[PDB]
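Chemist: Have a look at this one.
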Amino acid sequence: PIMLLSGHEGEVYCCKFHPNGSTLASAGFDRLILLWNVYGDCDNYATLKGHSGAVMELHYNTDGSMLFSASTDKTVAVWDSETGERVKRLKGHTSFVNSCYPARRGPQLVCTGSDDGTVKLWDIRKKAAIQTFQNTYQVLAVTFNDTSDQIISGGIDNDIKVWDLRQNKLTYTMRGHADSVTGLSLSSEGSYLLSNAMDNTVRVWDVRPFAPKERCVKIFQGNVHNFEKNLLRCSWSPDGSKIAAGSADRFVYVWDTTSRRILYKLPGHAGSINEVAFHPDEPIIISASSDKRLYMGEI
Amino acid sequence: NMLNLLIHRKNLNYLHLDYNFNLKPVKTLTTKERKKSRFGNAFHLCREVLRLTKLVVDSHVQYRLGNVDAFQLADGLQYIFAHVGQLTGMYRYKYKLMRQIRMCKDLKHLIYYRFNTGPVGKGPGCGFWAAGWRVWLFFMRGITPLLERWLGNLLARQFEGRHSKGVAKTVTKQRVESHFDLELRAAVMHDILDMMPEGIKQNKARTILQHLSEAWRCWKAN
Amino acid sequence: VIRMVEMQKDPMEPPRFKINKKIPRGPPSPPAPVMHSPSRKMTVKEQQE
Amino acid sequence: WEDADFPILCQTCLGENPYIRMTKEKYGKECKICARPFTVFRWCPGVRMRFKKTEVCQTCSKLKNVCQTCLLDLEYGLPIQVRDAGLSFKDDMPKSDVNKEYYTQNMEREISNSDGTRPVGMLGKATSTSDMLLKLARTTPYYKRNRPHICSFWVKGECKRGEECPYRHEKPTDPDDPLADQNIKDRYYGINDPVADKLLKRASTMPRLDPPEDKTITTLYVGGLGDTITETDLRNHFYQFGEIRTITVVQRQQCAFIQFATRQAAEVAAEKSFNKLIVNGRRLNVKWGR
Amino acid sequence: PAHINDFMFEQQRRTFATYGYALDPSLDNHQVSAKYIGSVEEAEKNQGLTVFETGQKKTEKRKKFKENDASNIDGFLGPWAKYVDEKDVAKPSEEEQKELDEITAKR
Amino acid sequence: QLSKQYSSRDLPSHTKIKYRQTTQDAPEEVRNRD
RNA sequence: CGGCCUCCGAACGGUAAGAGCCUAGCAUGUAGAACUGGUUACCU
RNA sequence: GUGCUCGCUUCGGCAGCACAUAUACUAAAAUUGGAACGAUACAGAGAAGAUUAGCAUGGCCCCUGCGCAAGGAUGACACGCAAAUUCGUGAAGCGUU
Ligand SMILES: O=P(O)(O)O[C@H]1[C@@H](OP(=O)(O)O)[C@@H](OP(=O)(O)O)[C@@H](OP(=O)(O)O)[C@@H](OP(=O)(O)O)[C@H]1OP(=O)(O)O
Ligand SMILES: [Mg+2]
Ligand SMILES: [Mg+2]
Ligand SMILES: [Mg+2]
Ligand SMILES: [Mg+2]
Ligand SMILES: [Mg+2]
């Protein structure tokens, strides 16, 4: 079925699954985080509270045991999916922290991209900062590398940047996007990384020990920007088979890794789609849009 | 101003409401105007309530101008509340008021006959106006929803117009007989003169009804 | 792209328009076909009756 | 009472900015024609332009197919009389009080059974846009409509409101002009509206190809041909329109002379092509040869 | 029935109002690019500056008065300070005046 | 075309519907009975 | 040791009903407003 | 316009940052039209011989009333062929096949 979900008062910016594929988390302008059950009637059990600013990015851990959520109010937050309660308020960010990423399968460690001009590394236990690479400017998305030893970030200056956690210098800078990059997501290959950018083009890259020195692999057309400049986010499928993107055009764009063909431009929405979520188990799609509700498409 | 705007909107130029809320004609009115210019209990209940309040606020204005006194104001207010019957003439329009009126008498007999227990005399100077004030405030608590309904209806009817299309008036006590005969002869016309016919051409039902009325008079005459 | 906003209603405002207008009732619906059984005859004697 | 989703208005009258902000008022005013209460929508046309308002019911609009405030037709955009004449329509909407209220009631009951998609009645049976209509049509938005009125004060000198004078502080138009007094009721009913008569005289003085005297003059002269045309192209211009009997493509004068097989066919072709047979961008002049 | 964000619509509208060009709103099923609609050359030469975004403008602001000491009895213009480059009367003159008299007679 | 007139008898009254209780005769029992 | 103290006022139903007549009021405060000027040639 | 730049940097300005972000049926008008149950004058009251009580029905008739009550001459108005699909005998006379 289409299964449209509602109950959010303002835009929903972020929607993602339990890494179980059991529960649903969505969040946006309303400054709180709603949860649902993916199966049955797609019903709502819990609501997490506390974040004073807009929830700009929610992120799971790789088991699903604690929840990370970047807020507009200069703070990140980690909470207990067990309870929904705050364990840590990552303060210290000197501006709008938009992006958050918990280290997967490494020591518990977090990279946060913010509007201060720094990327910040934090340990959850110490209540203190680890490292911080002030390049010059706002960083809009951040993701680790599966070694938990490089950190990738995308901002306003269009050159995707990667730092080595040990030498702490600009390890890898990649170029070719015509305007600001808005989204990074590294496939479960640990290798292929996906980049949305409102210049209307999406790109694919690969962080390896050895890469061709110019690793701009695949390129797809279709995404849109407009006077909104909303933050646009992408994802790989669980399989690295289909790329899903949203855009300010009300069209859910589903493409393939293989033939780069347009498998879908699906209508159904009313406002810009900000985030598409793939089920880690199923062919289930969840769209978070600025029309103050969500969609549950089955393909 | 509201009541005058009402009077003059209905195009009743021959009447005027003076400054103590008395309504007075400035001509001698023919029948057509004696009829066109009759008003209801909504208009008059509003008139009389405003007259009570003007009496009160004007006693206070006399106090504030320097004309009277603190004691004369207090006793004059007590007076006002005890004698609403002889100052307003409200009971004419909602006669249930006498509940209140009798109450403000009973209180006065209490207070007075405890006020003047000693050398204090039977004279005017007794203003302890809490009790009657309370009484008329509770009256107003009750009357405001009523009057808001009545005035809403009056204003609607004055601005939209009265609905003479689907009135559908009940059957009361003056229309019991006429209605019995309406329905009896409707029934008779349904009954055979259209459902046991085969006097095809024109079944003459208007003449069978004449037979029905004459059979009834013949019953009555034996 | 247009922004709809609904204008405030003044609480103290009487109705604005005259409601009571009379007109004859409209034409009904297209007459349905009269599906009867064929008529039989009335002799002269019955019409006498 | 009517109830709408948006106005239905000319692009001229809707404004210039792509982004407009507009207010609705439920049961706000009375249609000057339908006589019943409507919902009234008000928008600011542009910078320093008067706020405009929808001035006719949505049914009173769908019936005659016009813009609820601009009042001009929806596709072409001429006065209602002009469009009616060009569609050769005969609109029978009643005039007297009781008959008109009754007609409005039943027309509304029947338009309730619609899809909200196209006008009801002959306005679907008359959409064959004649070249006269297309020829009179406005081309770009005559946005002089939305400037404010004439300041009685600033016409007498008095508009002491500085530059904020609530009306265009220019010269008042001479009231003798026919384009001055056009009551809304007539402009909707199309009875003696001066702009309609002026535009009709303009359409009568507009160039159209003239017919000859003799029936035997079945050679048609097309002037301004150019040497990018072929005899087969002149055919394709005058081939399926009937039958052509011969074609002389005069290259020494850049013209053509088409002998036809049916007089009405060639007449329709050439008159319909008069200065407007635009094949390969050439203004050919269709006339009857000697 | 769209649902859009609020700061952005007013930003674009005020842009088109005071600058004359705007990021066109067409959300077409054929992917158009960001095109400045209206006074396109003005958007080009002005670098797309919005009325809300601060930008360098040496434009001569009209001269105004400033009497903001509220102790002078007829002194304080305060927030109600008139513009100094303003006129002191507003009227039409001899030719247009007689012409308007002639028109009001013609009417 | 909705009027703002009003009536003394159209005030809210008896605003809850009584339902037939467990012992009175509820549609369950009469569904059962012989 | 005995006490017991109702009420109370206003309207309609009565002083015709009508067509014309003419002038205040009282309502409106709008919508719209314009555009030009193309022509002939070969053999008896 | 307010403040701060460890801004020039004097205490003149300039600049930068922050803070502050879109009123309004635009009218003092100018229009344009209809009513006052007012005069004016006409006019002039059901039933049945006469004089009179009323309660209704019908609807492009209203008015007073909060009114689904009541009243308004029983509120007014409500009548000249209130003719509808459709004929044929009996006799005579005249002209015709
Ligand atoms: O006019 P009323 O409403 O009936 O009130 C008065 C009055 O009270 P005010 O002082 O407020 O006018 C008298 O009071 P005094 O003469 O005592 O000062 C007096 O009451 P008294 O009987 O006590 O004199 C009199 O009554 P009555 O006519 O029987 O003397 C009467 O009050 P009632 O309600 O007692 O009549
Ligand atoms: Mg009587
Ligand atoms: Mg009689
Ligand atoms: Mg009666
Ligand atoms: Mg009588
Ligand atoms: Mg009657």
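To be explicit about the labels: the chains of the structure tokens are called A, B, and onward in the order shown, and within each one the residues are counted from 1, while ligands get numbers from 1 in the order they are shown.
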At a cut-off of 9 Å around ligand 3, and using only C-alpha atoms (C1' of nucleotides) and all ligand atoms, what residues come up? Please write them as a PyMOL selection string.
Modeler: chain H and resi 46-52
Chemist: Please, could you write that set of residues out with N, CA, C and O atoms (P, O5', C5', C4', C3', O3' and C1' of nucleotides) as a PDB file, in the first residue's frame?
Modeler:
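New file out.pdb:
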ATOM      1  P     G H  46     -66.938  43.402   2.968  1.00  0.00           P
ATOM      2  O5'   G H  46     -66.499  41.874   2.868  1.00  0.00           O
ATOM      3  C5'   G H  46     -66.318  41.250   1.609  1.00  0.00           C
ATOM      4  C4'   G H  46     -66.385  39.741   1.696  1.00  0.00           C
ATOM      5  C3'   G H  46     -67.728  39.124   2.033  1.00  0.00           C
ATOM      6  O3'   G H  46     -68.590  39.082   0.915  1.00  0.00           O
ATOM      7  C1'   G H  46     -66.005  38.011   3.213  1.00  0.00           C
ATOM      8  P     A H  47     -70.171  39.232   1.104  1.00  0.00           P
ATOM      9  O5'   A H  47     -70.652  37.783   1.534  1.00  0.00           O
ATOM     10  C5'   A H  47     -70.261  36.632   0.805  1.00  0.00           C
ATOM     11  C4'   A H  47     -70.696  35.384   1.519  1.00  0.00           C
ATOM     12  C3'   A H  47     -71.992  35.511   2.284  1.00  0.00           C
ATOM     13  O3'   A H  47     -73.146  35.428   1.471  1.00  0.00           O
ATOM     14  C1'   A H  47     -70.402  34.456   3.643  1.00  0.00           C
ATOM     15  P     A H  48     -73.160  34.580   0.110  1.00  0.00           P
ATOM     16  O5'   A H  48     -74.691  34.184  -0.033  1.00  0.00           O
ATOM     17  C5'   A H  48     -75.679  35.196  -0.077  1.00  0.00           C
ATOM     18  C4'   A H  48     -76.686  35.042   1.025  1.00  0.00           C
ATOM     19  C3'   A H  48     -77.327  36.361   1.476  1.00  0.00           C
ATOM     20  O3'   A H  48     -78.740  36.202   1.629  1.00  0.00           O
ATOM     21  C1'   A H  48     -76.422  35.217   3.339  1.00  0.00           C
ATOM     22  P     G H  49     -79.743  36.805   0.520  1.00  0.00           P
ATOM     23  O5'   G H  49     -79.744  38.374   0.789  1.00  0.00           O
ATOM     24  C5'   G H  49     -80.643  39.231   0.107  1.00  0.00           C
ATOM     25  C4'   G H  49     -81.278  40.214   1.048  1.00  0.00           C
ATOM     26  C3'   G H  49     -80.349  40.845   2.067  1.00  0.00           C
ATOM     27  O3'   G H  49     -79.611  41.931   1.538  1.00  0.00           O
ATOM     28  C1'   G H  49     -82.330  40.121   3.135  1.00  0.00           C
ATOM     29  P     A H  50     -78.220  42.370   2.209  1.00  0.00           P
ATOM     30  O5'   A H  50     -78.635  42.873   3.655  1.00  0.00           O
ATOM     31  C5'   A H  50     -79.371  44.073   3.805  1.00  0.00           C
ATOM     32  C4'   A H  50     -79.656  44.367   5.250  1.00  0.00           C
ATOM     33  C3'   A H  50     -78.454  44.306   6.165  1.00  0.00           C
ATOM     34  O3'   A H  50     -77.671  45.480   6.121  1.00  0.00           O
ATOM     35  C1'   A H  50     -80.219  43.089   7.126  1.00  0.00           C
ATOM     36  P     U H  51     -76.077  45.358   6.132  1.00  0.00           P
ATOM     37  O5'   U H  51     -75.743  45.201   7.671  1.00  0.00           O
ATOM     38  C5'   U H  51     -76.244  46.135   8.606  1.00  0.00           C
ATOM     39  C4'   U H  51     -76.026  45.641  10.003  1.00  0.00           C
ATOM     40  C3'   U H  51     -74.644  45.086  10.272  1.00  0.00           C
ATOM     41  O3'   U H  51     -73.685  46.089  10.531  1.00  0.00           O
ATOM     42  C1'   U H  51     -76.239  43.548  11.025  1.00  0.00           C
ATOM     43  P     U H  52     -72.148  45.829  10.160  1.00  0.00           P
ATOM     44  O5'   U H  52     -71.593  45.088  11.445  1.00  0.00           O
ATOM     45  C5'   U H  52     -70.744  43.963  11.323  1.00  0.00           C
ATOM     46  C4'   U H  52     -70.994  42.974  12.428  1.00  0.00           C
ATOM     47  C3'   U H  52     -70.063  41.785  12.450  1.00  0.00           C
ATOM     48  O3'   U H  52     -68.785  42.027  12.992  1.00  0.00           O
ATOM     49  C1'   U H  52     -72.225  40.985  12.534  1.00  0.00           C
TER      50        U H  52
END
Chemist: If we count only C-alpha atoms (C1' of nucleotides) and set the cut-off at 9 Å, which residues sit around segment 214-229 of chain A, ignoring sequence neighbours fewer than 5 positions away in its own chain? Please answer as a CSV table (one decimal) with N, CA, C and O atoms, in the first residue's frame.
Modeler:
chain,number,residue,atom,x,y,z
A,174,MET,N,38.5,15.9,-3.0
A,174,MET,CA,38.0,15.5,-4.3
A,174,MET,C,37.1,16.6,-4.9
A,174,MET,O,36.5,17.4,-4.1
A,175,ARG,N,37.1,16.8,-6.2
A,175,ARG,CA,36.6,17.9,-6.9
A,175,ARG,C,35.8,17.5,-8.1
A,175,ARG,O,36.0,16.4,-8.6
A,176,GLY,N,34.8,18.3,-8.5
A,176,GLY,CA,34.1,18.1,-9.7
A,176,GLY,C,32.6,18.5,-9.6
A,176,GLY,O,31.9,18.5,-10.6
A,196,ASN,N,24.9,13.9,-2.9
A,196,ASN,CA,24.0,14.8,-3.4
A,196,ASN,C,24.4,16.2,-3.3
A,196,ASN,O,25.0,16.6,-2.3
A,197,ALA,N,24.1,17.0,-4.3
A,197,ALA,CA,24.5,18.4,-4.3
A,197,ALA,C,23.5,19.1,-5.2
A,197,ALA,O,23.1,18.7,-6.3
A,198,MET,N,23.0,20.3,-4.7
A,198,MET,CA,21.9,20.9,-5.3
A,198,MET,C,22.2,21.5,-6.7
A,198,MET,O,21.4,22.1,-7.3
A,199,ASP,N,23.5,21.3,-7.2
A,199,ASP,CA,23.7,21.7,-8.6
A,199,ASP,C,22.9,20.8,-9.6
A,199,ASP,O,23.2,21.0,-10.8
A,200,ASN,N,22.1,19.9,-9.2
A,200,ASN,CA,21.2,19.0,-10.0
A,200,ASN,C,21.9,17.8,-10.5
A,200,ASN,O,21.5,17.1,-11.4
A,201,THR,N,23.0,17.3,-9.8
A,201,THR,CA,23.8,16.2,-10.2
A,201,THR,C,24.1,15.4,-9.0
A,201,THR,O,24.4,15.9,-7.9
A,202,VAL,N,24.1,14.0,-9.1
A,202,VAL,CA,24.5,13.2,-8.0
A,202,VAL,C,25.7,12.4,-8.4
A,202,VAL,O,25.8,12.0,-9.6
A,203,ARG,N,26.7,12.2,-7.5
A,203,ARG,CA,27.9,11.6,-7.8
A,203,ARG,C,28.2,10.4,-6.9
A,203,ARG,O,27.7,10.3,-5.8
A,204,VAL,N,29.1,9.5,-7.3
A,204,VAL,CA,29.6,8.4,-6.6
A,204,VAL,C,31.1,8.4,-6.5
A,204,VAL,O,31.8,8.6,-7.5
A,205,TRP,N,31.6,8.1,-5.4
A,205,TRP,CA,33.1,8.1,-5.1
A,205,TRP,C,33.4,6.8,-4.3
A,205,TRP,O,32.5,6.0,-3.9
A,206,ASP,N,34.7,6.5,-4.2
A,206,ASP,CA,35.1,5.3,-3.5
A,206,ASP,C,36.4,5.6,-2.8
A,206,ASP,O,37.5,5.9,-3.4
A,207,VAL,N,36.4,5.5,-1.4
A,207,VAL,CA,37.6,5.7,-0.6
A,207,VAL,C,38.2,4.3,-0.4
A,207,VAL,O,37.6,3.4,0.2
A,245,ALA,N,16.9,9.2,-3.9
A,245,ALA,CA,17.1,10.6,-3.6
A,245,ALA,C,15.8,11.3,-3.5
A,245,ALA,O,14.8,10.9,-4.1
A,246,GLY,N,15.8,12.4,-2.8
A,246,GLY,CA,14.7,13.4,-2.7
A,246,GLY,C,15.1,14.7,-3.4
A,246,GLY,O,16.3,14.9,-3.7
A,247,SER,N,14.2,15.6,-3.5
A,247,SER,CA,14.4,16.9,-4.2
A,247,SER,C,13.2,17.7,-3.9
A,247,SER,O,12.2,17.3,-3.4
A,248,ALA,N,13.4,19.0,-4.2
A,248,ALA,CA,12.3,20.0,-4.0
A,248,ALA,C,11.3,20.0,-5.1
A,248,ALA,O,10.6,21.0,-5.4
A,249,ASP,N,11.2,18.8,-5.8
A,249,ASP,CA,10.3,18.7,-7.0
A,249,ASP,C,9.1,17.8,-6.7
A,249,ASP,O,8.3,17.6,-7.6
A,253,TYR,N,13.0,10.0,-6.3
A,253,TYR,CA,13.9,9.6,-7.5
A,253,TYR,C,14.6,8.3,-7.0
A,253,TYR,O,15.4,8.3,-6.1
A,255,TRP,N,17.0,5.4,-8.5
A,255,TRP,CA,17.9,5.0,-9.6
A,255,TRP,C,18.6,3.8,-9.2
A,255,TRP,O,18.5,3.3,-8.1
A,257,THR,N,22.4,1.5,-9.2
A,257,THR,CA,23.8,1.5,-9.3
A,257,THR,C,24.3,1.0,-10.6
A,257,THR,O,25.4,1.5,-11.1
A,260,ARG,N,22.4,3.1,-14.1
A,260,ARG,CA,22.2,4.5,-13.9
A,260,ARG,C,20.9,5.1,-14.5
A,260,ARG,O,20.8,6.3,-14.8
A,261,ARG,N,20.0,4.2,-14.8
A,261,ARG,CA,18.7,4.6,-15.5
A,261,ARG,C,17.8,5.1,-14.4
A,261,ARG,O,17.9,4.9,-13.2
A,262,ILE,N,16.7,5.9,-14.9
A,262,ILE,CA,15.7,6.4,-13.9
A,262,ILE,C,14.7,5.3,-13.7
A,262,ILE,O,13.8,5.1,-14.5
A,265,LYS,N,10.7,8.1,-11.0
A,265,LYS,CA,10.4,9.4,-10.4
A,265,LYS,C,9.0,9.4,-10.0
A,265,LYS,O,8.0,9.5,-10.8
E,4,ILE,N,4.8,24.8,1.5
E,4,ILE,CA,6.2,25.3,1.3
E,4,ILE,C,6.7,26.0,2.6
E,4,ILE,O,5.9,26.1,3.6
E,5,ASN,N,7.9,26.4,2.6
E,5,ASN,CA,8.5,27.0,3.8
E,5,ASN,C,8.4,28.5,3.8
E,5,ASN,O,8.4,29.1,2.7
E,8,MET,N,11.2,31.5,3.2
E,8,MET,CA,11.7,31.5,1.8
E,8,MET,C,10.8,32.2,0.8
E,8,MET,O,11.2,32.9,-0.1
E,9,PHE,N,9.5,32.0,1.0
E,9,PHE,CA,8.5,32.6,0.0
E,9,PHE,C,8.5,34.1,0.2
E,9,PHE,O,8.6,34.8,-0.8
E,11,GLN,N,11.0,35.8,1.3
E,11,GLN,CA,12.3,36.3,0.7
E,11,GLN,C,12.2,36.5,-0.8
E,11,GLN,O,12.6,37.5,-1.3
E,12,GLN,N,11.7,35.5,-1.5
E,12,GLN,CA,11.7,35.6,-2.9
E,12,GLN,C,10.7,36.7,-3.4
E,12,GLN,O,11.0,37.4,-4.3
E,22,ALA,N,13.7,37.5,-9.7
E,22,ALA,CA,13.5,36.5,-8.6
E,22,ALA,C,13.8,35.1,-9.2
E,22,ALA,O,13.6,34.8,-10.3
E,23,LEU,N,14.1,34.2,-8.3
E,23,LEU,CA,14.3,32.8,-8.6
E,23,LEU,C,13.0,32.2,-9.0
E,23,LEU,O,12.1,32.0,-8.1
E,24,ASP,N,12.8,31.9,-10.3
E,24,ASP,CA,11.5,31.6,-10.8
E,24,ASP,C,11.0,30.3,-10.1
E,24,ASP,O,11.7,29.5,-9.7
E,25,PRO,N,9.7,30.3,-9.9
E,25,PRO,CA,9.1,29.2,-9.0
E,25,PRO,C,8.7,28.0,-9.7
E,25,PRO,O,8.2,27.0,-9.0
E,27,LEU,N,8.1,24.6,-10.7
E,27,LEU,CA,8.6,23.3,-10.3
E,27,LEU,C,8.2,22.3,-11.4
E,27,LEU,O,7.3,21.4,-11.2
E,31,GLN,N,13.3,19.1,-15.9
E,31,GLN,CA,14.2,19.8,-14.9
E,31,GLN,C,14.8,21.0,-15.5
E,31,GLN,O,15.8,21.0,-16.2
E,32,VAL,N,14.2,22.2,-15.1
E,32,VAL,CA,14.8,23.5,-15.4
E,32,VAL,C,15.8,23.8,-14.4
E,32,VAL,O,15.9,23.2,-13.4
E,33,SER,N,16.7,24.8,-14.7
E,33,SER,CA,17.7,25.3,-13.8
E,33,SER,C,17.3,26.6,-13.1
E,33,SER,O,16.2,27.2,-13.5
E,34,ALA,N,18.0,27.0,-12.1
E,34,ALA,CA,17.8,28.2,-11.4
E,34,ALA,C,17.9,29.4,-12.4
E,34,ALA,O,19.1,29.7,-12.8
Chemist: Quick one, how far is atom CA of residue 132 of chain B from atom 26 (O, counted along the ligand's line) of ligand 1?
Modeler: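 Separating atom CA of residue 132 of chain B from atom 26 (O, counted along the ligand's line) of ligand 1 is a distance of 16.7 Å.
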Chemist: Residues within 10 Å of ligand 2 (only C-alpha atoms (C1' of nucleotides) and all ligand atoms), as a PyMOL selection string?
Modeler: (chain G and resi 13-14) or (chain H and resi 53-54+71-75)
Chemist: Do a neighbour search on residue 64 of chain H at 8 Å with only C-alpha atoms (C1' of nucleotides), toss out local chain neighbours closer than 2 positions, and write the hits as a ChimeraX atom specification.
Modeler: /B:35-39 /H:71-72
Chemist: Write as a PyMOL selection string the residues around ligand 1, taking 10 Å as the cut-off and counting only C-alpha atoms (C1' of nucleotides) and all ligand atoms.
Modeler: chain B and resi 75-86+101-102+104-113+115-116+121-127
Chemist: Grab the atom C1' of residue 82 of chain H to atom CA of residue 215 of chain B distance for me, in Å with one decimal place.
Modeler: 26.1 Å
Chemist: At a cut-off of 10 Å, using only C-alpha atoms (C1' of nucleotides), what residues contact residue 9 of chain D? Leave out same-chain residues fewer than 4 positions from it and give the result as a PyMOL selection string.
Modeler: chain D and resi 13-14+54+61+66-74
Chemist: Would you save the residues of that selection, restricted to N, CA and C atoms, as a PDB file, in the first residue's frame?
Modeler:
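Listed below is the output, result.pdb:
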ATOM      1  N   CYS D  13      -4.633  40.488 -14.968  1.00  0.00           N
ATOM      2  CA  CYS D  13      -5.155  40.955 -13.692  1.00  0.00           C
ATOM      3  C   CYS D  13      -4.542  40.236 -12.500  1.00  0.00           C
ATOM      4  N   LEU D  14      -3.905  39.087 -12.695  1.00  0.00           N
ATOM      5  CA  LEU D  14      -3.386  38.369 -11.539  1.00  0.00           C
ATOM      6  C   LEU D  14      -2.076  38.962 -11.051  1.00  0.00           C
ATOM      7  N   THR D  54     -12.197  39.968  -6.774  1.00  0.00           N
ATOM      8  CA  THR D  54     -13.093  39.202  -7.624  1.00  0.00           C
ATOM      9  C   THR D  54     -14.507  39.737  -7.485  1.00  0.00           C
ATOM     10  N   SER D  61     -19.378  33.293 -13.511  1.00  0.00           N
ATOM     11  CA  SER D  61     -18.187  33.230 -14.352  1.00  0.00           C
ATOM     12  C   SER D  61     -18.232  32.025 -15.275  1.00  0.00           C
ATOM     13  N   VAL D  66     -15.598  33.856 -18.323  1.00  0.00           N
ATOM     14  CA  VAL D  66     -14.827  35.088 -18.236  1.00  0.00           C
ATOM     15  C   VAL D  66     -14.005  35.094 -16.946  1.00  0.00           C
ATOM     16  N   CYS D  67     -13.203  36.150 -16.777  1.00  0.00           N
ATOM     17  CA  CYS D  67     -12.352  36.324 -15.605  1.00  0.00           C
ATOM     18  C   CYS D  67     -13.096  37.108 -14.538  1.00  0.00           C
ATOM     19  N   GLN D  68     -13.119  36.573 -13.321  1.00  0.00           N
ATOM     20  CA  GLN D  68     -14.073  37.024 -12.323  1.00  0.00           C
ATOM     21  C   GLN D  68     -13.933  38.494 -11.976  1.00  0.00           C
ATOM     22  N   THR D  69     -12.822  39.136 -12.313  1.00  0.00           N
ATOM     23  CA  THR D  69     -12.648  40.569 -12.098  1.00  0.00           C
ATOM     24  C   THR D  69     -12.330  41.309 -13.382  1.00  0.00           C
ATOM     25  N   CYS D  70     -11.460  40.744 -14.228  1.00  0.00           N
ATOM     26  CA  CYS D  70     -11.104  41.388 -15.487  1.00  0.00           C
ATOM     27  C   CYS D  70     -12.271  41.406 -16.456  1.00  0.00           C
ATOM     28  N   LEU D  71     -13.156  40.415 -16.366  1.00  0.00           N
ATOM     29  CA  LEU D  71     -14.406  40.312 -17.114  1.00  0.00           C
ATOM     30  C   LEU D  71     -14.187  39.997 -18.587  1.00  0.00           C
ATOM     31  N   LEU D  72     -12.946  40.004 -19.042  1.00  0.00           N
ATOM     32  CA  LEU D  72     -12.673  39.667 -20.424  1.00  0.00           C
ATOM     33  C   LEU D  72     -12.624  38.154 -20.574  1.00  0.00           C
ATOM     34  N   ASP D  73     -12.775  37.695 -21.813  1.00  0.00           N
ATOM     35  CA  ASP D  73     -12.826  36.270 -22.090  1.00  0.00           C
ATOM     36  C   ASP D  73     -11.583  35.576 -21.554  1.00  0.00           C
ATOM     37  N   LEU D  74     -11.663  34.259 -21.421  1.00  0.00           N
ATOM     38  CA  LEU D  74     -10.549  33.531 -20.833  1.00  0.00           C
ATOM     39  C   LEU D  74      -9.484  33.138 -21.839  1.00  0.00           C
TER      40      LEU D  74
END
Chemist: Can you write out as JSON lines which residues of chain H fall within 12 Å of chain C, alongside each residue's closest atom pair and its distance in Å to one decimal, counting only C-alpha atoms (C1' of nucleotides) and ordering rows by chain and ascending residue number?
Modeler:
{"residue": "H:25", "atom": "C1'", "partner": "C:7", "partner_atom": "CA", "distance": 11.5}
{"residue": "H:59", "atom": "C1'", "partner": "C:24", "partner_atom": "CA", "distance": 9.4}
{"residue": "H:60", "atom": "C1'", "partner": "C:23", "partner_atom": "CA", "distance": 5.5}
{"residue": "H:61", "atom": "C1'", "partner": "C:22", "partner_atom": "CA", "distance": 10.6}
{"residue": "H:62", "atom": "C1'", "partner": "C:20", "partner_atom": "CA", "distance": 11.9}
Chemist: Got a sec: who's within 8 Å of residue 156 of chain B, counting only C-alpha atoms (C1' of nucleotides), leaving out chain neighbours fewer than 2 positions off, as a list in words?
Modeler: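 Returned residues: residues 152, 153, 154, 158, 159, 160 and 161 of chain B; 14 and 15 of chain C; 3, 4 and 5 of chain F.
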Chemist: Could you give me, as a ChimeraX atom specification, each residue of segment 5-47 of chain C that DSSP assigns to alpha helix (DSSP H) when run on this structure's backbone?
Modeler: /C:44-47
Chemist: Export, as a compact mmCIF listing (two decimals), in the first residue's frame, the selected residues with N, CA, C and O atoms.
Modeler:
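Once written, out_10.txt looks like this:
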# COMPACT_ATOMS: atom_id res chain seq x y z
N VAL C 44 -69.86 0.15 -21.17
CA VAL C 44 -70.75 1.28 -20.92
C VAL C 44 -71.48 1.07 -19.61
O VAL C 44 -71.68 2.00 -18.83
N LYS C 45 -71.87 -0.18 -19.35
CA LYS C 45 -72.63 -0.48 -18.14
C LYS C 45 -71.84 -0.14 -16.88
O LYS C 45 -72.40 0.37 -15.91
N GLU C 46 -70.54 -0.42 -16.87
CA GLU C 46 -69.74 -0.10 -15.69
C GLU C 46 -69.68 1.41 -15.46
O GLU C 46 -69.85 1.88 -14.33
N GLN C 47 -69.46 2.18 -16.52
CA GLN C 47 -69.47 3.63 -16.37
C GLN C 47 -70.84 4.13 -15.94
O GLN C 47 -70.95 5.18 -15.30
Chemist: List the spatial neighbours of residue 10 of chain F as a list in words - criterion: any atom at most 12 Å away, only C-alpha atoms (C1' of nucleotides), same-chain residues fewer than 4 positions off excluded.
Modeler: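 Selected residues are residues 149 of chain B; 5, 6, 14 and 15 of chain F; 67 and 68 of chain H.
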